[PDB]
């Protein structure tokens, strides 16, 4: 083995390069199973999935298949799952995590997150709706939610807990919670050169919270979720230039950029050639001039605004 990891604030270790597993429904789930295997093989020791991804069955079957193989040991696979907004209510966390575990056929997750800050009505429908297309939000003290997460960490069902799509205010809320037992080990948020959340990153760094970047390569750009008019990240001029100078690719520089920033990156790809290519971030380095060059690409280009959840006071994206 031997791969690059970072020490999480709870003593655990997380690999710096994580493999994303979400894909549009237009893609069959089988693809997720075959893709993960290819990722394990390529060098990925960190796998990121979720309940809402509706692919834990395949993703688990994969990682479970590579352990049976003798290709990897469970202690070398860092699997992340996320609690979905229709289960923020206290008595609903553990059951949710248990449901995932059941679909994965694993005895615990290495990392478990609160997927999104705004709550929705409990029930099967992942995104409930009024007979008038209205999203049925719900109100839950996230601190109560976080208390159930802590009990999961203690029950040994989750090795490390953390948040996703949390902003400064929200992050603080958990941090300053009365009787907090475990500060979130990380905060997984969108983060690429056209939106290198310095402000948030610094904050996180100052609290020893690792920032896990997603859509680090510009995202899947799925029609309903991402604005087609947004600039295509991997087409950026200076990223392609640097790609050449280094004899690598714009994607690899977006990935390597993140790494040197002290960030943990996720790169999703079902294409074998590309999957194997992403594991190359470890093959080269960027110099201070380039380090700064990419810092300069900053813009306010947020790909996933998930504004269909814009209502509630917990919508994360309208502050920093």
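Residue numbers count along the first chain shown, from 1. For clarity, a rigid core is taken as the largest C-alpha set superposing within 1.5 Å between two forms.
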Legend entry - Divergent stretch in 7 other deposited structures of this protein, 125-133 or 212-220 [C-alpha RMS, superposed by the core]: 125-133
Legend entry - Selected stretch [higher average CA B-factor]: 251-259 or 49-57: 49-57
Inset, instruction - Could you check the entry and say whether 283-291 or 262-270 has the higher mean CA B-factor? - result: 283-291
Legend entry - Out of 160, 100, 85, 230, residue topping the C-alpha B-factor column of the entry: 230
Legend entry - Among 122, 117, 184, 133 - the residue whose C-alpha B-factor is largest in the record: 133
Inset, instruction - Relative to the other modelled residues of the same chain, rank the CA B-factor of residue 205 and answer lowest, middle or highest third. - result: middle
Inset, instruction - Grab the CA temperature factor for residue 42 from the record and place it in the lowest, middle or highest third of its chain. - result: middle
Legend entry - Modelled-residue ranking by C-alpha temperature factor, third containing residue 306: highest
Inset, instruction - Would you mind checking where the Cα B-factor of residue 24 ranks among the modelled residues of its chain, as the lowest, middle or highest third? - result: highest
Legend entry - Among modelled residues of the same chain, the CA temperature factor third for residue 72: middle
